[PDB]
$ cat data_26.csv   # CSV, C-alpha atoms
chain,number,residue,atom,x,y,z
A,147,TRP,CA,33.8,-64.6,135.1
A,148,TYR,CA,35.7,-67.3,133.1
A,149,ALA,CA,37.6,-68.1,136.3
A,150,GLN,CA,34.3,-68.4,138.1
A,151,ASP,CA,33.4,-70.9,135.4
A,152,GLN,CA,36.8,-72.6,135.8
A,153,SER,CA,37.6,-72.0,132.2
A,154,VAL,CA,41.3,-71.6,132.9
A,155,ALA,CA,42.4,-71.0,129.3
A,156,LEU,CA,39.7,-68.4,128.5
A,157,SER,CA,40.4,-66.5,131.7
A,158,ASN,CA,44.1,-66.8,130.9
A,159,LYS,CA,43.5,-65.2,127.5
A,160,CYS,CA,41.4,-62.4,128.9
A,161,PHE,CA,44.1,-61.8,131.6
A,162,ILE,CA,46.8,-61.7,128.9
A,163,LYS,CA,44.9,-59.0,127.1
A,164,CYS,CA,44.2,-57.1,130.3
A,165,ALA,CA,47.9,-57.2,131.4
A,166,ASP,CA,49.1,-56.2,127.9
A,167,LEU,CA,46.8,-53.2,127.8
A,168,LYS,CA,47.6,-52.3,131.4
A,169,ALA,CA,51.3,-52.4,130.8
A,170,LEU,CA,50.9,-50.3,127.7
A,171,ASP,CA,48.7,-47.9,129.7
A,172,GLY,CA,51.3,-47.1,132.4
A,173,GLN,CA,50.0,-49.6,135.0
A,174,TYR,CA,53.1,-51.7,135.3
A,175,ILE,CA,52.5,-53.0,138.8
A,176,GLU,CA,48.9,-54.2,138.0
A,177,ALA,CA,50.2,-55.8,134.8
A,178,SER,CA,52.9,-57.6,136.7
A,179,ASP,CA,50.3,-58.8,139.3
A,180,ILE,CA,48.1,-60.1,136.4
A,181,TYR,CA,51.2,-61.9,135.0
A,182,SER,CA,51.8,-63.5,138.4
A,183,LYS,CA,48.2,-64.7,138.4
A,184,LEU,CA,48.7,-66.1,134.9
A,185,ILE,CA,51.9,-67.8,136.0
A,186,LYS,CA,50.2,-69.4,139.0
A,187,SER,CA,47.2,-70.6,136.9
A,188,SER,CA,49.5,-72.0,134.1
A,189,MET,CA,51.9,-73.7,136.5
A,190,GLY,CA,52.0,-77.5,136.2
A,191,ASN,CA,50.2,-77.5,132.9
A,192,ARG,CA,52.2,-79.1,130.0
A,193,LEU,CA,49.9,-77.2,127.6
A,194,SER,CA,50.8,-73.5,128.7
A,195,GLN,CA,54.6,-73.8,129.4
A,196,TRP,CA,55.9,-71.4,126.7
A,197,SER,CA,53.2,-69.0,127.7
A,198,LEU,CA,54.9,-69.3,131.1
A,199,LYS,CA,58.3,-68.8,129.6
A,200,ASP,CA,57.1,-65.5,128.2
A,201,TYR,CA,55.0,-64.6,131.2
A,202,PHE,CA,58.0,-64.5,133.5
A,203,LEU,CA,59.9,-62.4,131.0
A,204,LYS,CA,56.9,-60.0,130.6
A,205,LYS,CA,56.4,-59.7,134.3
A,206,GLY,CA,60.0,-58.9,134.9
A,207,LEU,CA,59.9,-56.4,132.1
A,208,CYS,CA,56.9,-54.7,133.8
A,209,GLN,CA,58.8,-54.7,137.1
A,210,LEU,CA,61.7,-53.1,135.3
A,211,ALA,CA,59.4,-50.5,133.7
A,212,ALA,CA,58.4,-49.6,137.3
A,213,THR,CA,62.1,-49.2,138.2
A,214,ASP,CA,61.8,-52.2,140.6
A,215,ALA,CA,65.0,-54.1,139.5
A,216,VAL,CA,64.9,-56.1,142.8
A,217,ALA,CA,61.4,-57.3,142.0
A,218,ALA,CA,62.5,-58.2,138.5
A,219,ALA,CA,65.4,-60.2,139.9
A,220,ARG,CA,63.1,-62.0,142.4
A,221,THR,CA,60.8,-62.9,139.5
A,222,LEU,CA,63.8,-64.2,137.4
A,223,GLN,CA,65.0,-66.3,140.3
A,224,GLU,CA,61.5,-67.7,141.0
A,225,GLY,CA,61.0,-68.6,137.3
A,226,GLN,CA,64.4,-70.3,137.2
A,227,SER,CA,63.9,-72.3,140.3
A,228,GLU,CA,60.2,-73.2,139.6
A,229,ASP,CA,60.3,-73.9,135.9
A,230,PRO,CA,63.2,-75.8,134.5
A,231,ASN,CA,62.2,-74.9,131.0
A,232,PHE,CA,62.4,-71.2,131.8
A,233,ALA,CA,65.7,-71.5,133.5
A,234,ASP,CA,67.5,-72.6,130.3
A,235,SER,CA,65.2,-70.4,128.0
A,236,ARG,CA,66.6,-67.4,126.2
A,237,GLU,CA,63.9,-65.3,127.9
A,238,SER,CA,65.6,-66.0,131.2
A,239,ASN,CA,69.0,-64.9,129.9
A,240,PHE,CA,67.5,-61.8,128.3
A,241,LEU,CA,65.8,-60.8,131.5
A,242,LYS,CA,69.0,-61.4,133.5
A,243,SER,CA,70.9,-59.2,131.0
A,244,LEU,CA,68.3,-56.5,131.2
A,245,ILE,CA,68.4,-56.6,135.0
A,246,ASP,CA,72.2,-56.4,135.0
A,247,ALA,CA,72.1,-53.5,132.5
A,248,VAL,CA,69.6,-51.5,134.6
A,249,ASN,CA,71.7,-52.2,137.7
A,250,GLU,CA,74.8,-50.8,136.1
A,251,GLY,CA,72.8,-48.0,134.4
A,252,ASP,CA,74.2,-48.8,131.0
A,253,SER,CA,71.6,-47.9,128.5
A,254,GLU,CA,73.8,-48.8,125.5
A,255,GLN,CA,74.3,-52.3,127.0
A,256,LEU,CA,70.6,-52.7,127.3
A,257,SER,CA,70.2,-51.7,123.6
A,258,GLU,CA,72.8,-54.2,122.6
A,259,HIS,CA,71.0,-56.9,124.6
A,260,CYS,CA,67.7,-56.0,123.0
A,261,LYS,CA,69.3,-56.2,119.5
A,262,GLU,CA,70.8,-59.6,120.3
A,263,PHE,CA,67.4,-60.8,121.6
A,264,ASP,CA,65.7,-59.5,118.4
A,265,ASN,CA,68.3,-61.3,116.2
A,266,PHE,CA,67.1,-64.7,117.4
A,267,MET,CA,63.6,-64.0,118.7
A,268,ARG,CA,61.7,-61.1,117.2
A,269,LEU,CA,60.4,-58.5,119.6
A,270,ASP,CA,56.8,-57.3,119.6
A,271,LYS,CA,55.4,-53.8,120.0
A,272,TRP,CA,54.5,-54.4,123.6
A,273,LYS,CA,58.1,-55.2,124.5
A,274,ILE,CA,59.3,-52.3,122.3
A,275,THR,CA,57.1,-49.9,124.4
A,276,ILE,CA,58.2,-51.4,127.7
A,277,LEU,CA,61.9,-51.2,126.9
A,278,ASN,CA,61.5,-47.7,125.4
A,279,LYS,CA,60.0,-46.5,128.6
A,280,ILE,CA,62.8,-48.3,130.5
A,281,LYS,CA,65.5,-46.5,128.4
A,282,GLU,CA,63.7,-43.2,128.9
A,283,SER,CA,63.7,-44.0,132.6
A,284,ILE,CA,67.5,-44.4,132.5
A,285,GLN,CA,67.6,-41.0,130.7
A,286,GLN,CA,65.5,-39.6,133.5
A,287,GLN,CA,67.9,-41.0,136.0
A,288,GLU,CA,70.7,-39.3,134.1
A,289,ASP,CA,68.6,-36.1,134.5
A,290,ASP,CA,68.4,-36.9,138.3
A,291,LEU,CA,72.2,-37.4,138.1
A,292,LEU,CA,72.4,-33.7,137.6
B,107,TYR,CA,73.5,-54.7,173.0
B,108,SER,CA,77.3,-54.0,172.7
B,109,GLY,CA,77.9,-53.1,176.4
B,110,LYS,CA,81.4,-51.5,175.9
B,111,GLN,CA,82.3,-51.6,172.2
B,112,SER,CA,80.2,-48.6,171.1
B,113,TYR,CA,82.7,-46.7,168.9
B,114,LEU,CA,84.2,-47.4,165.5
B,115,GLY,CA,88.0,-47.8,165.5
B,116,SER,CA,88.9,-48.8,162.0
B,117,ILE,CA,86.4,-49.0,159.1
B,118,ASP,CA,87.2,-50.3,155.6
B,119,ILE,CA,85.1,-49.0,152.7
B,120,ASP,CA,85.1,-50.4,149.1
B,121,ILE,CA,84.4,-47.6,146.6
B,122,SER,CA,82.8,-48.2,143.2
B,123,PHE,CA,81.3,-46.2,140.4
B,124,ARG,CA,77.6,-46.3,140.4
B,125,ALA,CA,77.6,-45.9,136.6
B,126,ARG,CA,80.3,-47.5,134.5
B,127,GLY,CA,80.1,-44.7,131.9
B,128,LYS,CA,81.0,-42.0,134.5
B,129,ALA,CA,84.5,-43.2,135.2
B,130,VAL,CA,86.7,-40.2,135.9
B,131,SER,CA,90.5,-40.0,136.2
B,132,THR,CA,90.2,-37.4,138.9
B,133,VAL,CA,92.4,-37.9,141.9
B,134,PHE,CA,90.3,-38.5,145.0
B,135,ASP,CA,91.6,-37.4,148.4
B,136,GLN,CA,90.9,-40.1,151.0
B,137,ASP,CA,91.1,-37.4,153.7
B,138,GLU,CA,88.4,-35.4,152.0
B,139,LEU,CA,86.3,-38.6,151.6
B,140,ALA,CA,86.6,-39.3,155.3
B,141,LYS,CA,85.9,-35.6,156.2
B,142,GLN,CA,82.7,-35.7,154.0
B,143,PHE,CA,81.7,-39.0,155.6
B,144,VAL,CA,82.0,-37.6,159.1
B,145,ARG,CA,80.4,-34.3,158.1
B,146,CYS,CA,77.3,-35.7,156.5
B,147,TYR,CA,76.8,-38.8,158.7
B,148,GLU,CA,77.6,-38.3,162.4
B,149,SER,CA,76.5,-40.5,165.4
B,150,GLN,CA,75.1,-43.1,163.0
B,151,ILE,CA,75.1,-46.9,163.4
B,152,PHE,CA,76.7,-48.9,160.6
B,153,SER,CA,77.3,-52.6,160.1
B,154,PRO,CA,79.4,-54.7,157.7
B,155,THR,CA,78.1,-55.0,154.1
B,156,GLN,CA,75.9,-52.0,154.6
B,157,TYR,CA,75.6,-49.9,151.4
B,158,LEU,CA,75.7,-46.1,150.9
B,159,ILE,CA,75.4,-43.6,148.1
B,160,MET,CA,77.9,-40.8,148.3
B,161,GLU,CA,77.8,-37.5,146.3
B,162,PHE,CA,81.3,-36.1,146.2
B,163,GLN,CA,81.8,-33.0,144.0
B,164,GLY,CA,78.8,-34.1,142.0
B,165,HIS,CA,80.1,-37.6,141.5
B,166,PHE,CA,77.9,-40.5,142.7
B,167,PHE,CA,79.7,-43.5,144.3
B,168,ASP,CA,78.6,-46.7,145.8
B,169,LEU,CA,80.3,-47.4,149.2
B,170,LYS,CA,80.2,-50.8,150.8
B,171,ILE,CA,81.6,-51.3,154.4
B,172,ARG,CA,83.6,-54.4,153.9
B,173,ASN,CA,84.7,-54.7,157.6
B,174,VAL,CA,84.3,-52.8,160.9
B,175,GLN,CA,86.2,-52.7,164.1
B,176,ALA,CA,84.3,-51.9,167.3
B,177,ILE,CA,86.2,-50.4,170.3
B,178,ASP,CA,85.3,-49.0,173.7
B,179,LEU,CA,86.2,-45.6,175.0
B,180,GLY,CA,89.4,-45.7,176.9
B,181,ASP,CA,91.1,-48.4,174.9
B,182,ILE,CA,94.5,-46.9,174.0
B,183,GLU,CA,95.4,-49.8,171.6
B,184,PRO,CA,92.9,-51.4,169.1
B,185,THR,CA,93.5,-54.9,170.5
B,186,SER,CA,90.0,-56.0,169.5
B,187,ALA,CA,90.0,-58.3,166.4
B,188,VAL,CA,88.5,-56.7,163.3
B,189,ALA,CA,85.1,-58.4,162.7
B,190,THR,CA,83.5,-59.1,159.3
B,191,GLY,CA,80.3,-60.3,161.0
B,192,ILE,CA,77.2,-58.2,160.7
B,193,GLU,CA,76.8,-58.6,164.5
B,194,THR,CA,79.3,-55.9,165.2
B,195,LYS,CA,78.1,-52.3,165.0
B,196,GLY,CA,79.5,-49.0,166.2
B,197,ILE,CA,79.0,-45.3,166.4
B,198,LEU,CA,81.0,-43.1,164.0
B,199,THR,CA,83.5,-40.7,165.5
B,200,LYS,CA,85.7,-37.9,164.2
B,201,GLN,CA,88.8,-40.1,164.7
B,202,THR,CA,87.8,-43.4,163.1
B,203,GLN,CA,90.5,-44.7,160.8
B,204,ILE,CA,88.9,-44.9,157.3
B,205,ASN,CA,90.6,-47.1,154.8
B,206,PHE,CA,89.4,-47.0,151.2
B,207,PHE,CA,89.7,-49.9,148.8
B,208,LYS,CA,88.8,-50.3,145.2
B,209,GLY,CA,85.4,-51.7,144.5
B,210,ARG,CA,84.9,-55.1,142.9
B,211,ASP,CA,84.7,-53.2,139.6
B,212,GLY,CA,88.1,-51.6,140.2
B,213,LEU,CA,87.5,-48.4,138.3
B,214,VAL,CA,87.9,-45.8,141.0
B,215,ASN,CA,91.4,-44.3,141.0
C,18,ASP,CA,76.9,0.4,136.9
C,19,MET,CA,79.1,-1.2,139.5
C,20,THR,CA,80.1,2.0,141.4
C,21,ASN,CA,77.8,1.4,144.4
C,22,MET,CA,76.9,-2.0,145.8
C,23,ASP,CA,77.0,-3.8,149.2
C,24,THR,CA,80.3,-5.6,149.4
C,25,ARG,CA,79.6,-7.5,152.6
C,26,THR,CA,80.6,-11.1,152.6
C,27,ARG,CA,77.9,-13.8,152.6
C,28,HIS,CA,78.1,-17.6,153.2
C,29,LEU,CA,75.9,-19.4,150.7
C,30,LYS,CA,75.1,-23.1,150.2
C,31,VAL,CA,75.8,-24.8,146.9
C,32,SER,CA,72.6,-26.4,145.5
C,33,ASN,CA,71.4,-28.1,142.3
C,34,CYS,CA,70.7,-25.7,139.5
C,35,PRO,CA,67.1,-24.7,139.2
C,36,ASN,CA,66.8,-25.9,135.6
C,37,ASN,CA,68.7,-26.3,132.4
C,38,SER,CA,68.0,-22.8,131.1
C,39,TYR,CA,69.7,-21.2,134.1
C,40,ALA,CA,72.6,-23.6,133.8
C,41,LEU,CA,72.9,-22.6,130.1
C,42,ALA,CA,73.0,-18.9,130.9
C,43,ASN,CA,76.1,-19.5,133.2
C,44,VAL,CA,74.8,-16.7,135.5
C,45,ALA,CA,74.6,-17.0,139.2
C,46,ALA,CA,70.9,-16.9,140.0
C,47,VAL,CA,70.3,-15.0,143.2
C,48,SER,CA,67.3,-13.6,145.0
C,49,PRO,CA,66.6,-9.9,144.9
C,50,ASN,CA,67.3,-9.7,148.6
C,51,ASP,CA,70.7,-11.4,148.0
C,52,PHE,CA,72.4,-9.0,145.6
C,53,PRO,CA,71.5,-6.4,142.9
C,54,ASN,CA,70.7,-7.6,139.4
C,55,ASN,CA,73.4,-7.8,136.6
C,56,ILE,CA,76.5,-7.3,138.8
C,57,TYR,CA,79.7,-9.3,138.9
C,58,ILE,CA,80.3,-11.2,142.1
C,59,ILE,CA,83.4,-13.1,143.2
C,60,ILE,CA,83.3,-16.3,145.2
C,61,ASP,CA,86.2,-17.7,147.3
C,62,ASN,CA,88.1,-14.7,145.8
C,63,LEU,CA,88.6,-16.9,142.7
C,64,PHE,CA,85.3,-17.7,140.9
C,65,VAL,CA,83.6,-14.7,139.2
C,66,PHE,CA,80.0,-14.8,137.9
C,67,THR,CA,77.3,-12.4,136.8
C,68,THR,CA,74.2,-12.2,139.1
C,69,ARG,CA,70.7,-12.5,137.9
C,70,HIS,CA,67.5,-12.1,139.9
C,71,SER,CA,65.7,-15.4,140.5
C,72,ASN,CA,62.6,-15.9,142.7
C,73,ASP,CA,63.0,-19.7,142.8
C,74,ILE,CA,66.2,-19.4,144.9
C,75,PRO,CA,65.6,-18.4,148.5
C,76,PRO,CA,67.8,-15.6,150.0
C,77,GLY,CA,71.1,-16.9,151.4
C,78,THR,CA,71.5,-19.7,148.8
C,79,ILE,CA,73.6,-19.7,145.6
C,80,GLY,CA,72.9,-21.9,142.6
C,81,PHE,CA,75.6,-23.7,140.6
C,82,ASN,CA,75.8,-26.1,137.6
C,83,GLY,CA,77.8,-29.2,137.3
C,84,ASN,CA,80.7,-27.6,135.4
C,85,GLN,CA,81.1,-24.8,138.0
C,86,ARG,CA,81.3,-27.4,140.8
C,87,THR,CA,83.8,-29.4,138.8
C,88,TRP,CA,85.9,-26.2,138.4
C,89,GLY,CA,85.7,-25.5,142.1
C,90,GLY,CA,85.5,-29.1,143.2
C,91,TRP,CA,82.4,-28.5,145.3
C,92,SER,CA,79.8,-30.9,146.6
C,93,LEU,CA,76.1,-30.4,147.1
C,94,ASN,CA,75.2,-28.3,150.1
C,95,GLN,CA,78.8,-27.0,150.4
C,96,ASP,CA,79.2,-23.6,152.0
C,97,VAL,CA,81.1,-20.9,149.9
C,98,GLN,CA,82.0,-17.3,150.5
C,99,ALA,CA,80.6,-14.6,148.2
C,100,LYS,CA,81.5,-11.0,147.9
C,101,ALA,CA,81.1,-8.2,145.4
C,102,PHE,CA,83.7,-8.0,142.6
C,103,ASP,CA,85.3,-5.1,140.8
C,104,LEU,CA,87.6,-6.3,137.9
C,105,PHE,CA,88.4,-2.8,136.8
C,106,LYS,CA,90.1,-1.9,140.1
$ encode --input "data_26.csv" --output "structure tokens"
Amino acid sequence: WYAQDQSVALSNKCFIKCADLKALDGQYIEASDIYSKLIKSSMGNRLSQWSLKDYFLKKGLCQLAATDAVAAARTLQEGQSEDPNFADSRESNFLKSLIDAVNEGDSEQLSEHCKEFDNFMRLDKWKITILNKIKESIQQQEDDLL
Amino acid sequence: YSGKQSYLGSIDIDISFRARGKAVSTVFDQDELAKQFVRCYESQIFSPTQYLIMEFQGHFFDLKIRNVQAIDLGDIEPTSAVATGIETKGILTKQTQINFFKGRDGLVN
Amino acid sequence: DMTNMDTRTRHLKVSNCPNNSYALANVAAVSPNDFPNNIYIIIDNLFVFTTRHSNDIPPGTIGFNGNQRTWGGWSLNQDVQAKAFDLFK
């Protein structure tokens, strides 16, 4: 409804809440779609850029919670090529490190990257849950490994 | 599409560990690897850079076909140049010369 | 009691273990139609294991864990020879 009223910022806040809850609720694909909508709505605005910097990260995290590392890499590349601020942001490096760790299936490397990211930028419970599910998915792959 | 070059003469495969933490010092027989490749996948079409996941004695490996040579039946000598282009494709046979190289990671012994 | 049992050879496919409990028991899980319960069976004349009835494994298939495959160097879906075993003789 806020979008129908063209209140971009209020719709963006509502969509942030919706995507956060959906990702926490097991609906990673829908949360990533809402994050894509947020990215598209906030693109070109000098006012919401950090939100974007986080958006990309979050979206990728959701795509990585869904075991879709290719989609996470595509999102990282899109953010790097579209937003110069995100390209040099720590969030981009952290997302790339997470994508690489999932590609190599090194859960310990993912944990090390998470600790490094926390040391400079504190993680939130949403990210904690996403990465916990991701690590448990690596463990499940280890179960499929047998 | 190929006309005459329908079979695989020489195939090069780069072998890598899917998981870095699963490196094993076990001695891998290339003849056994080729035998498993023919046994599990016969009369299939493969192209350069095509990827595969191989389960050998419970060990999971990533195999990348770095290059392929296509030959026609009746060619006594493989005078055809080995092609790295994805255009070339062939049909696996029980006599294709399979050469295994270390993956870019270089952990497989 | 191992005095009487069908010793005929059978060719069985190696497949993933049904679950962790069966792997822990280190007992070859077989169907009732495959072999009697609680008898020693040899495989490839080298690998001896105790049979236990299992309804989750169809007849003609033999279940193994990762360590057994490592010992025998076997891949998934590999065919192995199984016969009755008598260590005492």
$ interface_residues --input "data_26.csv" --of "chain C" --to "chain A" --cutoff "10 Å" --atoms "all atoms listed in the file" --output "ChimeraX atom specification"
/C:33-34,36-37,82-83
$ closest_atom_pairs --input "data_26.csv" --of "stretch 180-291 of chain A" --to "stretch 170-176 of chain A" --cutoff "8 Å" --atoms "all atoms listed in the file" --output "tab-separated table"
residue	atom	partner	partner_atom	distance
A:180	CA	A:176	CA	6.2
A:208	CA	A:174	CA	5.1
A:209	CA	A:174	CA	6.7
A:211	CA	A:174	CA	6.6
A:212	CA	A:174	CA	6.0
A:272	CA	A:170	CA	6.8
A:275	CA	A:170	CA	7.0
A:276	CA	A:170	CA	7.4
$ closest_atom_pairs --input "data_26.csv" --of "chain A" --to "chain B" --cutoff "12 Å" --atoms "all atoms listed in the file" --output "Markdown table"
| residue | atom | partner | partner_atom | distance |
| --- | --- | --- | --- | --- |
| A:246 | CA | B:125 | CA | 11.9 |
| A:247 | CA | B:125 | CA | 10.2 |
| A:248 | CA | B:125 | CA | 10.0 |
| A:249 | CA | B:125 | CA | 8.7 |
| A:250 | CA | B:125 | CA | 5.7 |
| A:251 | CA | B:125 | CA | 5.7 |
| A:252 | CA | B:126 | CA | 7.2 |
| A:253 | CA | B:127 | CA | 9.7 |
| A:254 | CA | B:127 | CA | 9.9 |
| A:255 | CA | B:126 | CA | 10.7 |
| A:284 | CA | B:125 | CA | 11.0 |
| A:287 | CA | B:125 | CA | 10.9 |
| A:288 | CA | B:125 | CA | 9.9 |
| A:290 | CA | B:166 | CA | 11.1 |
| A:291 | CA | B:166 | CA | 8.0 |
| A:292 | CA | B:164 | CA | 7.8 |
$ write_last_selection --input "data_26.csv" --atoms "C-alpha atoms" --output "PDB file, keeping the file's coordinate frame"
ATOM      1  CA  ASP A 246      72.200 -56.400 135.000  1.00  0.00           C
ATOM      2  CA  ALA A 247      72.100 -53.500 132.500  1.00  0.00           C
ATOM      3  CA  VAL A 248      69.600 -51.500 134.600  1.00  0.00           C
ATOM      4  CA  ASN A 249      71.700 -52.200 137.700  1.00  0.00           C
ATOM      5  CA  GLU A 250      74.800 -50.800 136.100  1.00  0.00           C
ATOM      6  CA  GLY A 251      72.800 -48.000 134.400  1.00  0.00           C
ATOM      7  CA  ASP A 252      74.200 -48.800 131.000  1.00  0.00           C
ATOM      8  CA  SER A 253      71.600 -47.900 128.500  1.00  0.00           C
ATOM      9  CA  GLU A 254      73.800 -48.800 125.500  1.00  0.00           C
ATOM     10  CA  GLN A 255      74.300 -52.300 127.000  1.00  0.00           C
ATOM     11  CA  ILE A 284      67.500 -44.400 132.500  1.00  0.00           C
ATOM     12  CA  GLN A 287      67.900 -41.000 136.000  1.00  0.00           C
ATOM     13  CA  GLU A 288      70.700 -39.300 134.100  1.00  0.00           C
ATOM     14  CA  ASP A 290      68.400 -36.900 138.300  1.00  0.00           C
ATOM     15  CA  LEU A 291      72.200 -37.400 138.100  1.00  0.00           C
ATOM     16  CA  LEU A 292      72.400 -33.700 137.600  1.00  0.00           C
TER      17      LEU A 292
END
$ interface_residues --input "data_26.csv" --of "chain C" --to "chain B" --cutoff "7 Å" --atoms "only C-alpha atoms" --output "MDAnalysis selection string"
chainID C and resid 83 86:87 90:93
$ write_last_selection --input "data_26.csv" --atoms "C-alpha atoms" --output "JSON list (two decimals), in the coordinates of the input"
[["chain", "number", "residue", "atom", "x", "y", "z"],
["C", 83, "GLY", "CA", 77.80, -29.20, 137.30],
["C", 86, "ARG", "CA", 81.30, -27.40, 140.80],
["C", 87, "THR", "CA", 83.80, -29.40, 138.80],
["C", 90, "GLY", "CA", 85.50, -29.10, 143.20],
["C", 91, "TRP", "CA", 82.40, -28.50, 145.30],
["C", 92, "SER", "CA", 79.80, -30.90, 146.60],
["C", 93, "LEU", "CA", 76.10, -30.40, 147.10]]
$ residues_around --input "data_26.csv" --residues "stretch 38-43 of chain C" --least-positions-apart "2" --cutoff "10 Å" --atoms "all atoms listed in the file" --output "mmCIF file with C-alpha atoms, in the coordinates of the input"
data_model
loop_
_atom_site.group_PDB
_atom_site.id
_atom_site.type_symbol
_atom_site.label_atom_id
_atom_site.label_comp_id
_atom_site.auth_asym_id
_atom_site.auth_seq_id
_atom_site.Cartn_x
_atom_site.Cartn_y
_atom_site.Cartn_z
ATOM 1 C CA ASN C 33 71.400 -28.100 142.300
ATOM 2 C CA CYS C 34 70.700 -25.700 139.500
ATOM 3 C CA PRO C 35 67.100 -24.700 139.200
ATOM 4 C CA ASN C 36 66.800 -25.900 135.600
ATOM 5 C CA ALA C 45 74.600 -17.000 139.200
ATOM 6 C CA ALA C 46 70.900 -16.900 140.000
ATOM 7 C CA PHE C 66 80.000 -14.800 137.900
ATOM 8 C CA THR C 67 77.300 -12.400 136.800
ATOM 9 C CA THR C 68 74.200 -12.200 139.100
ATOM 10 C CA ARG C 69 70.700 -12.500 137.900
ATOM 11 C CA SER C 71 65.700 -15.400 140.500
ATOM 12 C CA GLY C 80 72.900 -21.900 142.600
ATOM 13 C CA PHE C 81 75.600 -23.700 140.600
ATOM 14 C CA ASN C 82 75.800 -26.100 137.600
ATOM 15 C CA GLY C 83 77.800 -29.200 137.300
ATOM 16 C CA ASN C 84 80.700 -27.600 135.400
ATOM 17 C CA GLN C 85 81.100 -24.800 138.000
#
$ atom_distance --input "data_26.csv" --atom1 "atom CA of residue B:129" --atom2 "atom CA of residue B:210"
14.2 Å
$ residues_around --input "data_26.csv" --residues "residue A:273" --least-positions-apart "6" --cutoff "10 Å" --atoms "only C-alpha atoms" --output "ChimeraX atom specification"
/A:166,169-170,203-204,207-208,260,279
$ closest_residue --input "data_26.csv" --among "C:50, C:32, C:19, C:25" --to "residue C:96" --atoms "all atoms listed in the file"
C:32
$ residues_near_point --input "data_26.csv" --point "(56.3, -60.9, 134.7)" --cutoff "9 Å" --atoms "all atoms listed in the file" --output "JSON, numbers by chain"
{"A": [177, 178, 179, 180, 181, 182, 185, 200, 201, 202, 203, 204, 205, 206, 207, 208, 209, 218, 221, 222]}
$ atom_distance --input "data_26.csv" --atom1 "atom CA of residue A:274" --atom2 "atom CA of residue A:217"
20.4 Å
$ atom_distance --input "data_26.csv" --atom1 "atom CA of residue A:192" --atom2 "atom CA of residue A:263"
25.2 Å
$ residues_near_point --input "data_26.csv" --point "(92.0, -36.0, 140.4)" --cutoff "12 Å" --atoms "only C-alpha atoms" --output "VMD selection string"
(chain B and resid 129 to 136 163 214 to 215) or (chain C and resid 87 to 88 90)
$ write_last_selection --input "data_26.csv" --atoms "C-alpha atoms" --output "compact mmCIF listing (two decimals), keeping the file's coordinate frame"
# COMPACT_ATOMS: atom_id res chain seq x y z
CA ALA B 129 84.50 -43.20 135.20
CA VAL B 130 86.70 -40.20 135.90
CA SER B 131 90.50 -40.00 136.20
CA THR B 132 90.20 -37.40 138.90
CA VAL B 133 92.40 -37.90 141.90
CA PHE B 134 90.30 -38.50 145.00
CA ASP B 135 91.60 -37.40 148.40
CA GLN B 136 90.90 -40.10 151.00
CA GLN B 163 81.80 -33.00 144.00
CA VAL B 214 87.90 -45.80 141.00
CA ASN B 215 91.40 -44.30 141.00
CA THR C 87 83.80 -29.40 138.80
CA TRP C 88 85.90 -26.20 138.40
CA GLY C 90 85.50 -29.10 143.20
$ residues_around --input "data_26.csv" --residues "residue B:151" --least-positions-apart "3" --cutoff "12 Å" --atoms "all atoms listed in the file" --output "MDAnalysis selection string"
chainID B and resid 108 112:114 147:148 154 156 171 174 176 192:199
$ residues_around --input "data_26.csv" --residues "residue A:258" --least-positions-apart "6" --cutoff "10 Å" --atoms "all atoms listed in the file" --output "ChimeraX atom specification"
/A:243-244,247,264
$ decode --input "data_26.csv" --residues "stretch 71-97 of chain C" --atoms "C-alpha atoms" --output "JSON list (two decimals), in the first residue's frame"
[["chain", "number", "residue", "atom", "x", "y", "z"],
["C", 71, "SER", "CA", 16.63, -55.92, 7.89],
["C", 72, "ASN", "CA", 13.38, -55.20, 6.05],
["C", 73, "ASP", "CA", 14.67, -51.89, 4.66],
["C", 74, "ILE", "CA", 17.18, -53.68, 2.39],
["C", 75, "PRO", "CA", 15.56, -55.52, -0.54],
["C", 76, "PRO", "CA", 16.66, -59.09, -1.26],
["C", 77, "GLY", "CA", 19.79, -59.36, -3.37],
["C", 78, "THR", "CA", 21.45, -56.25, -1.93],
["C", 79, "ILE", "CA", 24.10, -55.90, 0.77],
["C", 80, "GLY", "CA", 24.63, -52.82, 2.93],
["C", 81, "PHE", "CA", 28.05, -51.48, 3.89],
["C", 82, "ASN", "CA", 29.41, -48.50, 5.79],
["C", 83, "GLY", "CA", 32.22, -46.19, 4.75],
["C", 84, "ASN", "CA", 34.90, -47.96, 6.78],
["C", 85, "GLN", "CA", 34.06, -51.35, 5.25],
["C", 86, "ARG", "CA", 34.29, -49.88, 1.76],
["C", 87, "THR", "CA", 37.61, -48.30, 2.68],
["C", 88, "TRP", "CA", 38.86, -51.69, 3.90],
["C", 89, "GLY", "CA", 37.68, -53.34, 0.68],
["C", 90, "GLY", "CA", 38.24, -50.35, -1.58],
["C", 91, "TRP", "CA", 34.69, -50.55, -2.91],
["C", 92, "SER", "CA", 32.57, -47.94, -4.69],
["C", 93, "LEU", "CA", 28.83, -47.44, -4.50],
["C", 94, "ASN", "CA", 26.80, -49.93, -6.57],
["C", 95, "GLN", "CA", 29.81, -52.27, -6.79],
["C", 96, "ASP", "CA", 29.07, -55.98, -7.13],
["C", 97, "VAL", "CA", 30.56, -58.35, -4.55]]
